[PDB]
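Below are two forms of the same protein chain, given as structure tokens: structure 1, then structure 2.
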Structure 1
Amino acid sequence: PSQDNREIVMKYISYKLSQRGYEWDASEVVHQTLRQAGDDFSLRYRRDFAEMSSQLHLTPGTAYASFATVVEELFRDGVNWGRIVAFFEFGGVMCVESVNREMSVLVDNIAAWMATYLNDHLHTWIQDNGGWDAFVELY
């Protein structure tokens, strides 16, 4: 079950990075709606994602707790599908930003961080709100 959610991270990041030139990796319709919802969010909230980035100084030495602090602010008032989509999109923005700075190794780290935060804090909410197929029913 936790391994099933690690896949959603990697598939989301791999397709986001494949939309640019970079190639990377370390039913399908659930990932289809997530990816398009996420493409919507980078237009609507480009300035928020830019702020979240600047407060997370993304360096080779950046620890996980720094990333979990920024993401925990995103869910401060509660967890919903919109904020969950922003979470996937923000992670993808960080992976795209890292390979654009000649720091491709940092992608593998961001993916791990997203998988951990997903299982540790978001997954219990996801199961109690109709699972992932409740998300395809609304979006």
Structure 2
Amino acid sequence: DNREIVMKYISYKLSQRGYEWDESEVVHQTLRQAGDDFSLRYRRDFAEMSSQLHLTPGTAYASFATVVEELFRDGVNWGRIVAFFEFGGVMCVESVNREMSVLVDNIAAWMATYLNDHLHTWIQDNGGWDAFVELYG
């Protein structure tokens, strides 16, 4: 349940920054492209967010949960789902940047849990990932 989409996304985001880590491919491609477009368009916002983010082992779980709860406070939509994935990427990149790479595995798990428990119903009820591909393809 959703581990693969998260794992392939985070692997890609980290690889884009020079770090090696470790349903169908059109979905993973579309998400990569959407995320990339989003981070390019909002490059300064993302750079400043990366900067200002507070991150340690003891605070990371609460930081992720709080951000993601606020992101979806008003409901789910695809643009917010893309931001979610991109924010998971930011946290993972910063984790590695700040010599806290042990957090990557945890962040990926939190992302998969959140998809499974909190985004799955909206995605299921709004045409699934195929709809995402139709919107962004």
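Heads up, when I say rigid core I mean the largest set of C-alphas that superpose within 1.5 Å between the two forms. Residue indices: 1-based, along structure 1.
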Only residue that shifts (Cα, 2 Å or more, rigid core superposed) between the two structures, among 81, 113, 88, 45 | 45
Under a superposition restricted to the rigid core, does residue 100 display a Cα displacement of 2 angstroms or more between the two structures?
-> no
Angstrom shift of the Cα atom of residue 55 between the two structures (superposition on rigid core) = 7.9
After aligning on the rigid core, report the distance the C-alpha of residue 20 travels between the two structures, in angstrom.
-> 1.6
How much does the C-alpha of residue 129 shift between the two structures, in angstrom, given a rigid core superposition?
-> 0.2
